[PDB]
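Peer 1: Take a look at the following structure, please.
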Amino acid sequence: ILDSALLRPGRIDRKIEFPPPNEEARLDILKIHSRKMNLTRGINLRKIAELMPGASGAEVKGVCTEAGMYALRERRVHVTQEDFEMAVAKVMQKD
Amino acid sequence: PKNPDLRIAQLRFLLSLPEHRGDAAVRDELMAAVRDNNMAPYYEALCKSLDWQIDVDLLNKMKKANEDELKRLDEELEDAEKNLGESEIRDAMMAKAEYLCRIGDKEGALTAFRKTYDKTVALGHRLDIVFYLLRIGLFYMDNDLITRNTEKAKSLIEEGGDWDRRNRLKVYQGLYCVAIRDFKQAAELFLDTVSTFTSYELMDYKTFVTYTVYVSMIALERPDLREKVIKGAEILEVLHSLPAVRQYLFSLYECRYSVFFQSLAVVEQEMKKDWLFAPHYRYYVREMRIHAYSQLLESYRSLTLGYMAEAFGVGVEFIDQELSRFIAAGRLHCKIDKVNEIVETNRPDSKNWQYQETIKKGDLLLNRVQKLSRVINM
Amino acid sequence: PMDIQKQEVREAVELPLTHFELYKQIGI
Amino acid sequence: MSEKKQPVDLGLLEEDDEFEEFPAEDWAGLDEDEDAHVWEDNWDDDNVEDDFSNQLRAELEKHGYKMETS
């Protein structure tokens with residue numbers, strides 16, 4: 001970044017900062033990465049999205065993709081918010 | 001909608017035609033009228049109801065609460081509008097359409113589910129809207145309106161079959177396939193009963209089994225039952241709920257007509273007085289009788305009237321016109337003779353008729369190639 | 001013409017192997 | 001010739017002018033239960049249905065009384 005930017009002094013280049021996904025950027029990516037799998041009707045995306053901190057939006061993908069395996073192990077129809085909390089603890093231990 | 005008002009408002013069929021059971025249906029209909037904004041449904045079906053003395057009492061409160069919650073959903077819709085968001089407007093217009101399904105008006109719910117049907121960012125919520133039209137299409141008993149959105153929403157899924165979404169669509173396939181008389185393709189729909197569960201939205205699990213036991217018990221032969229249901233443990237689990245079904249399965253599979261005809265009156269009375277299963281009560285009876293007569297007559301070439309009358313437990317004067325009507329009308333086996341007062345058939349349907357099963361397609365194909373000759377030069 | 005490797009290979013390997021269309025019904 | 005169909009269609013217009021939407025709605029009372037159903041089976045179901053419409057429609061409830069009497 002300092003070398004390429006040392007060779008690119010912002011002459012002809014679009015400068016769009018890529019931040020870590022914010023809260024709404026976790027709700028919408030949580031929905032995009034939640035429509036693909038099952039989801040209950042009694043879950044609140046607000047708090048479960050606010051309880052997924054860390055590096056970036058791939059941590060939410062770690063909660064979902066690393067939560068479907070707990071849905072398989074538990075042998076249930078859908079995934080509950082407590083399973084998502086367990087995956088939150090798992091990705092927060094991996095962090 | 002998915003509320004119990006679908007079933008409570010679905011008991012209007014047994015509320016309408018018979019006058020004996022029209023007491024409990026109006027009891028829980030009038031008691032449940034204060035739930036899910038039942039004003040407009042029972043006001044439309046008020047001709048099949050009591051007088052107007054107590055009717056006009058609650059209409060003034062339901063007509064103002066309807067406008068209150070309606071204008072609150074309108075104000076919430078205006079608060080969700082002019083703002084950055086997709087699922088919020090889908091939830092506002094979708095909730096308004098759900099309340100418009102509670103009142104039972106498919107005009108504002110038609111244009112509402114049309115707007116939120118056009119605001120579908122993904123196909124999953126689109127199929128959810130389709131199901132939201134199916135849950136009210138069951139009450140509206142429409143034919144094409146519920147098959148259009150499923151015919152269009154059927155292709156291009158690409159997201160895999162869920163545990164309750166695709167299974168729920170299969171339950172709907174059981175619904176409209178039970179409405180129609182198609183059986184040989186509907187016998188595959190209920191095979192996913194392992195993943196089914198108690199769905200208070202459309203039909204209970206015990207009502208789903210009670211409804212599929214007719215298409216499975218009648219629409220299937222002995223190898224199909226032994227392969228599908230007798231080998232499966234599902235009917236072995238759900239037979240303990242009601243002891244009658246076990247009698248109608250082991251008695252039919254056991255070929256005991258003396259108890260099957262004595263207990264068949266419960267199937268006759270239970271067969272009618274149903275929302276979607278009543279108008280077909282004539283086909284299940286005749287089809288089951290000819291199916292049992294072909295079952296017993298399959299392994300039997302000649303049959304005396306004594307063993308037949310004792311086996312079925314009915315007079316000979318009735319089976320006389322039975323088989324007399326089933327020779328020409330039923331068309332099950334060859335001609336029957338009474339020179340010795342003994343049912344004696346031949347059934348040469350294998351050796352020569354097995355080759356003669358294609359002569360119908362040969363004559364129809366002959367007329368079709370005559371049409372091919374009509375295409376020549378014009 | 002350990003238990004980390006045995007557990008990871010266990011649940012990640014033999015559990016998907018003993019089921020058909022499981023890929024389709026796990027959110028592939 | 002296709003020109004002789006006009007007076008036949010006029011006869012159909014007279015049949016439609018006899019009753020104005022009366023058989024469409026009155027017969028639609030049964031067509032709403034017959035719509036989308038295979039009409040090939042409706043010939044047998046309507047054959048036995050109309051055959052039993054006069055008497056002994058169900059007859060299954062009467063067999064329980066006909067067992068001891070016959």
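Each chain in the structure tokens gets a letter, A, B and so on, in the order shown; residues start at 1 in every chain, and ligands are counted from 1 in the order they appear.
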I need the chain A residues near chain B as a PyMOL selection string; criterion: at most 10 Å, counting only C-alpha atoms.

Peer 2: chain A and resi 28+31-32+35-38+76-78

Peer 1: For N, CA, C and O atoms, I'd like the residues from the last selection saved as a JSON list (two decimals), in the first residue's frame.

Peer 2:
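The file below, result-v7.json, is the result:
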```
[["chain", "number", "residue", "atom", "x", "y", "z"],
["A", 28, "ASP", "N", -27.22, -6.53, 6.56],
["A", 28, "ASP", "CA", -27.50, -6.84, 5.16],
["A", 28, "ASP", "C", -26.68, -8.02, 4.67],
["A", 28, "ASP", "O", -27.18, -8.86, 3.92],
["A", 31, "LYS", "N", -28.23, -11.05, 6.08],
["A", 31, "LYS", "CA", -29.39, -11.52, 5.33],
["A", 31, "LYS", "C", -28.98, -12.17, 4.01],
["A", 31, "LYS", "O", -29.54, -13.20, 3.63],
["A", 32, "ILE", "N", -28.01, -11.58, 3.31],
["A", 32, "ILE", "CA", -27.51, -12.18, 2.08],
["A", 32, "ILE", "C", -26.89, -13.54, 2.36],
["A", 32, "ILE", "O", -27.04, -14.49, 1.58],
["A", 35, "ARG", "N", -30.22, -16.03, 3.70],
["A", 35, "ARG", "CA", -31.27, -16.55, 2.83],
["A", 35, "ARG", "C", -30.90, -17.92, 2.26],
["A", 35, "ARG", "O", -31.79, -18.72, 1.96],
["A", 36, "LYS", "N", -29.60, -18.19, 2.11],
["A", 36, "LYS", "CA", -29.17, -19.45, 1.49],
["A", 36, "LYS", "C", -29.52, -20.65, 2.36],
["A", 36, "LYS", "O", -29.72, -21.75, 1.83],
["A", 37, "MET", "N", -29.58, -20.48, 3.67],
["A", 37, "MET", "CA", -29.87, -21.56, 4.60],
["A", 37, "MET", "C", -31.14, -21.26, 5.38],
["A", 37, "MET", "O", -31.78, -20.22, 5.21],
["A", 38, "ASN", "N", -31.52, -22.19, 6.25],
["A", 38, "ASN", "CA", -32.73, -22.05, 7.04],
["A", 38, "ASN", "C", -32.57, -20.96, 8.09],
["A", 38, "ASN", "O", -31.46, -20.59, 8.48],
["A", 76, "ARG", "N", -31.51, -30.90, 13.89],
["A", 76, "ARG", "CA", -32.72, -30.11, 14.04],
["A", 76, "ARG", "C", -33.21, -29.63, 12.68],
["A", 76, "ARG", "O", -32.51, -29.72, 11.67],
["A", 77, "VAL", "N", -34.44, -29.13, 12.67],
["A", 77, "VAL", "CA", -35.04, -28.65, 11.43],
["A", 77, "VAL", "C", -34.37, -27.36, 10.97],
["A", 77, "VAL", "O", -33.91, -27.25, 9.82],
["A", 78, "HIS", "N", -34.29, -26.37, 11.85],
["A", 78, "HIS", "CA", -33.73, -25.06, 11.52],
["A", 78, "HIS", "C", -32.63, -24.71, 12.52],
["A", 78, "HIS", "O", -32.24, -25.52, 13.37]]
```

Peer 1: Between chain C and chain A, at 12 Å or less, what are the per-residue closest atom pairs and their distances in Å? Count only C-alpha atoms, order by chain and rising residue number, and return it as CSV.

Peer 2:
```
residue,atom,partner,partner_atom,distance
C:8,CA,A:69,CA,11.4
C:10,CA,A:73,CA,11.9
C:11,CA,A:73,CA,8.6
C:12,CA,A:69,CA,8.8
C:15,CA,A:72,CA,9.2
C:16,CA,A:72,CA,9.8
C:19,CA,A:72,CA,11.3
C:22,CA,A:72,CA,9.5
C:23,CA,A:72,CA,11.2
C:24,CA,A:37,CA,10.3
C:25,CA,A:37,CA,8.6
C:26,CA,A:68,CA,6.5
C:27,CA,A:37,CA,5.3
C:28,CA,A:36,CA,8.9
```

Peer 1: Pull out every residue of chain D that has at least one atom within 9 Å of chain B, counting only C-alpha atoms, and report them as a tab-separated table (two decimals) with N, CA, C and O atoms, in the first residue's frame.

Peer 2:
```
chain	number	residue	atom	x	y	z
D	32	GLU	N	-67.65	-24.98	-10.90
D	32	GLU	CA	-66.66	-24.54	-9.92
D	32	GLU	C	-66.10	-25.71	-9.13
D	32	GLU	O	-64.97	-25.63	-8.64
D	33	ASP	N	-66.87	-26.79	-8.98
D	33	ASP	CA	-66.36	-28.04	-8.42
D	33	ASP	C	-65.84	-28.99	-9.49
D	33	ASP	O	-65.21	-30.00	-9.15
D	35	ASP	N	-64.15	-27.59	-12.40
D	35	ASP	CA	-63.05	-26.93	-13.09
D	35	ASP	C	-61.72	-27.55	-12.69
D	35	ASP	O	-61.53	-27.97	-11.55
D	36	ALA	N	-60.80	-27.61	-13.66
D	36	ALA	CA	-59.45	-28.16	-13.54
D	36	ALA	C	-59.44	-29.67	-13.29
D	36	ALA	O	-58.36	-30.25	-13.19
D	37	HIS	N	-60.60	-30.31	-13.20
D	37	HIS	CA	-60.68	-31.75	-13.03
D	37	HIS	C	-60.78	-32.43	-14.39
D	37	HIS	O	-61.41	-31.91	-15.32
D	38	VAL	N	-60.14	-33.59	-14.51
D	38	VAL	CA	-60.15	-34.34	-15.76
D	38	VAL	C	-61.58	-34.69	-16.13
D	38	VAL	O	-62.28	-35.37	-15.37
D	41	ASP	N	-62.84	-38.58	-16.42
D	41	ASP	CA	-63.39	-39.25	-15.25
D	41	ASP	C	-64.78	-38.72	-14.90
D	41	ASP	O	-65.58	-39.43	-14.29
D	44	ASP	N	-67.71	-41.00	-16.09
D	44	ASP	CA	-68.07	-42.13	-15.24
D	44	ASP	C	-68.65	-41.65	-13.92
D	44	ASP	O	-69.67	-42.18	-13.45
D	45	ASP	N	-68.01	-40.66	-13.29
D	45	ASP	CA	-68.51	-40.13	-12.03
D	45	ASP	C	-69.86	-39.44	-12.22
D	45	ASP	O	-70.72	-39.50	-11.34
D	47	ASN	N	-71.87	-40.38	-14.68
D	47	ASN	CA	-72.75	-41.48	-15.07
D	47	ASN	C	-73.35	-42.16	-13.85
D	47	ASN	O	-74.57	-42.33	-13.76
D	48	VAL	N	-72.50	-42.56	-12.90
D	48	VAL	CA	-73.00	-43.20	-11.69
D	48	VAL	C	-73.66	-42.17	-10.78
D	48	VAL	O	-74.61	-42.49	-10.05
D	49	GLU	N	-73.20	-40.92	-10.82
D	49	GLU	CA	-73.81	-39.87	-10.01
D	49	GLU	C	-75.24	-39.60	-10.45
D	49	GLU	O	-76.17	-39.62	-9.63
D	58	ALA	N	-76.25	-42.96	-1.76
D	58	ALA	CA	-75.11	-43.49	-1.01
D	58	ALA	C	-75.20	-45.00	-0.88
D	58	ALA	O	-74.32	-45.73	-1.36
D	60	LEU	N	-74.47	-46.96	1.31
D	60	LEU	CA	-73.52	-47.59	2.22
D	60	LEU	C	-74.02	-47.59	3.66
D	60	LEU	O	-73.68	-48.50	4.43
D	61	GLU	N	-74.81	-46.59	4.04
D	61	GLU	CA	-75.38	-46.56	5.39
D	61	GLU	C	-76.51	-47.57	5.55
D	61	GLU	O	-76.86	-47.91	6.69
D	63	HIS	N	-76.50	-50.74	4.16
D	63	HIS	CA	-76.00	-52.11	4.22
D	63	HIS	C	-75.95	-52.63	5.65
D	63	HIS	O	-76.17	-53.83	5.88
D	64	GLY	N	-75.67	-51.76	6.62
D	64	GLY	CA	-75.66	-52.19	8.01
D	64	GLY	C	-77.02	-52.68	8.48
D	64	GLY	O	-77.10	-53.52	9.37
D	66	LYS	N	-79.17	-53.94	6.05
D	66	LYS	CA	-79.44	-55.02	5.12
D	66	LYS	C	-78.67	-56.29	5.45
D	66	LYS	O	-78.94	-57.33	4.83
D	67	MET	N	-77.72	-56.24	6.39
D	67	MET	CA	-76.97	-57.44	6.74
D	67	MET	C	-77.86	-58.46	7.46
D	67	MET	O	-77.86	-59.65	7.13
D	68	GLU	N	-78.64	-58.00	8.45
D	68	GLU	CA	-79.50	-58.90	9.20
D	68	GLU	C	-80.79	-59.24	8.46
D	68	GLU	O	-81.42	-60.26	8.78
D	69	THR	N	-81.20	-58.41	7.50
D	69	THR	CA	-82.44	-58.65	6.77
D	69	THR	C	-82.23	-59.40	5.46
D	69	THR	O	-83.21	-59.87	4.87
D	70	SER	N	-80.99	-59.51	4.99
D	70	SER	CA	-80.72	-60.20	3.73
D	70	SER	C	-79.38	-60.93	3.79
D	70	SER	O	-78.46	-60.52	4.49
```

Peer 1: To one decimal place, how far is atom CA of residue B:78 from atom CA of residue B:106 in Å?

Peer 2: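 Computing it gives 21.6 Å between the two atoms.
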
Peer 1: Just the residues within 7 Å of stretch 342-351 of chain B, please, counting only C-alpha atoms, with nothing from its chain fewer than 5 positions along; format it as a list in words.

Peer 2: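 In the requested form, the answer reads residues 301, 302, 303, 304, 305, 333, 334, 335, 336 and 337 of chain B.
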
Peer 1: Would you mind exporting C-alpha atoms of the selected residues as a short mmCIF file (atom, residue, chain, number, x, y, z; two decimals), in the first residue's frame?

Peer 2:
```cif
data_model
loop_
_atom_site.label_atom_id
_atom_site.label_comp_id
_atom_site.auth_asym_id
_atom_site.auth_seq_id
_atom_site.Cartn_x
_atom_site.Cartn_y
_atom_site.Cartn_z
CA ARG B 301 -61.25 -67.53 -11.50
CA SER B 302 -64.61 -69.05 -10.51
CA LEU B 303 -66.65 -68.01 -7.48
CA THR B 304 -69.78 -69.57 -6.01
CA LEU B 305 -72.52 -67.39 -4.54
CA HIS B 333 -62.94 -58.53 -16.51
CA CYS B 334 -64.53 -60.65 -19.23
CA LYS B 335 -68.21 -61.51 -19.56
CA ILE B 336 -69.87 -63.26 -16.61
CA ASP B 337 -72.30 -66.17 -16.94
#
```

Peer 1: If DSSP is run on the backbone, what residues of stretch 4-97 of chain B are helix (DSSP H, G or I)? A reply as a CSV table (one decimal) with C-alpha atoms, in the first residue's frame would be ideal.

Peer 2:
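Output file result12.csv is given in full below:
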```csv
chain,number,residue,atom,x,y,z
B,5,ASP,CA,-59.1,-18.1,10.9
B,6,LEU,CA,-58.3,-20.2,7.8
B,7,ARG,CA,-59.6,-23.4,9.5
B,8,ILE,CA,-62.3,-21.6,11.5
B,9,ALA,CA,-63.5,-19.9,8.3
B,10,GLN,CA,-62.9,-23.2,6.5
B,11,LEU,CA,-65.6,-24.9,8.6
B,12,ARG,CA,-68.2,-22.9,6.7
B,13,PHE,CA,-68.8,-25.9,4.4
B,14,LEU,CA,-70.1,-28.1,7.2
B,15,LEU,CA,-71.7,-24.9,8.6
B,16,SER,CA,-73.6,-24.4,5.4
B,24,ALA,CA,-70.6,-25.9,17.0
B,25,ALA,CA,-69.3,-24.3,13.7
B,26,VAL,CA,-71.3,-21.2,14.5
B,27,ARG,CA,-70.2,-21.5,18.1
B,28,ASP,CA,-66.5,-21.3,17.5
B,29,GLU,CA,-67.1,-19.2,14.4
B,30,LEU,CA,-69.0,-16.5,16.5
B,31,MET,CA,-66.6,-16.9,19.4
B,32,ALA,CA,-63.6,-16.8,17.0
B,33,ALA,CA,-65.1,-13.8,15.1
B,34,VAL,CA,-63.3,-11.4,17.5
B,39,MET,CA,-65.7,-9.2,10.3
B,40,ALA,CA,-65.8,-9.4,6.5
B,41,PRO,CA,-65.7,-13.2,6.0
B,42,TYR,CA,-68.7,-14.0,8.3
B,43,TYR,CA,-70.4,-10.8,7.1
B,44,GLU,CA,-70.1,-12.2,3.5
B,45,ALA,CA,-71.3,-15.6,4.7
B,46,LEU,CA,-74.0,-13.9,6.9
B,47,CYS,CA,-76.8,-15.5,4.8
B,48,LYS,CA,-75.8,-18.9,6.2
B,55,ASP,CA,-74.8,-9.1,14.3
B,56,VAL,CA,-74.8,-5.3,14.1
B,57,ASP,CA,-73.4,-5.0,17.7
B,58,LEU,CA,-69.7,-5.8,17.0
B,59,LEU,CA,-69.7,-4.5,13.4
B,60,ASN,CA,-69.3,-0.9,14.6
B,61,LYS,CA,-66.2,-1.8,16.6
B,62,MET,CA,-64.6,-4.1,14.0
B,63,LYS,CA,-65.2,-1.5,11.2
B,64,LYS,CA,-63.4,1.1,13.3
B,65,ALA,CA,-60.6,-1.1,14.5
B,66,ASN,CA,-60.0,-2.2,10.9
B,67,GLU,CA,-59.6,1.4,9.9
B,68,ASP,CA,-57.4,2.1,12.9
B,69,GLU,CA,-54.9,-0.8,12.4
B,70,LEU,CA,-55.1,-0.1,8.6
B,71,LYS,CA,-54.2,3.6,9.0
B,72,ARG,CA,-51.5,2.6,11.5
B,73,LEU,CA,-50.0,0.3,8.8
B,74,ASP,CA,-50.4,3.1,6.3
B,75,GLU,CA,-48.6,5.5,8.6
B,76,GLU,CA,-45.9,2.9,9.2
B,77,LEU,CA,-45.6,2.3,5.5
B,78,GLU,CA,-45.1,6.1,5.0
B,79,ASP,CA,-42.5,6.0,7.7
B,80,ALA,CA,-40.7,3.2,6.0
B,87,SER,CA,-36.6,-5.5,3.7
B,88,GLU,CA,-38.3,-2.7,5.8
B,89,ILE,CA,-40.6,-1.8,3.0
B,90,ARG,CA,-41.2,-5.5,2.2
B,91,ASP,CA,-42.1,-6.0,5.9
B,92,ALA,CA,-44.4,-3.0,5.9
B,93,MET,CA,-46.3,-3.7,2.7
B,94,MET,CA,-46.1,-7.4,3.5
B,95,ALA,CA,-47.7,-6.9,6.9
B,96,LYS,CA,-50.3,-4.7,5.4
B,97,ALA,CA,-51.0,-7.5,2.9
```

Peer 1: Could you tell me how far atom CA of residue B:209 sits from atom CA of residue B:229, in Å to one decimal place?

Peer 2: 11.8 Å

Peer 1: Rounded to one decimal, what separation in Å do you get between atom CA of residue B:194 and atom CA of residue C:7?

Peer 2: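 If I compute the distance from atom CA of residue B:194 to atom CA of residue C:7, I get 29.0 Å.
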
Peer 1: So that I can check the surroundings of stretch 246-257 of chain B, please list as a PyMOL selection string every protein, DNA and RNA residue that reaches within 12 Å of it, counting only C-alpha atoms and ignoring chain neighbours fewer than 4 positions away.

Peer 2: chain B and resi 210+213-214+216-218+220-226+229-230+235-242+261-267+288-289+291-297+299+307-314
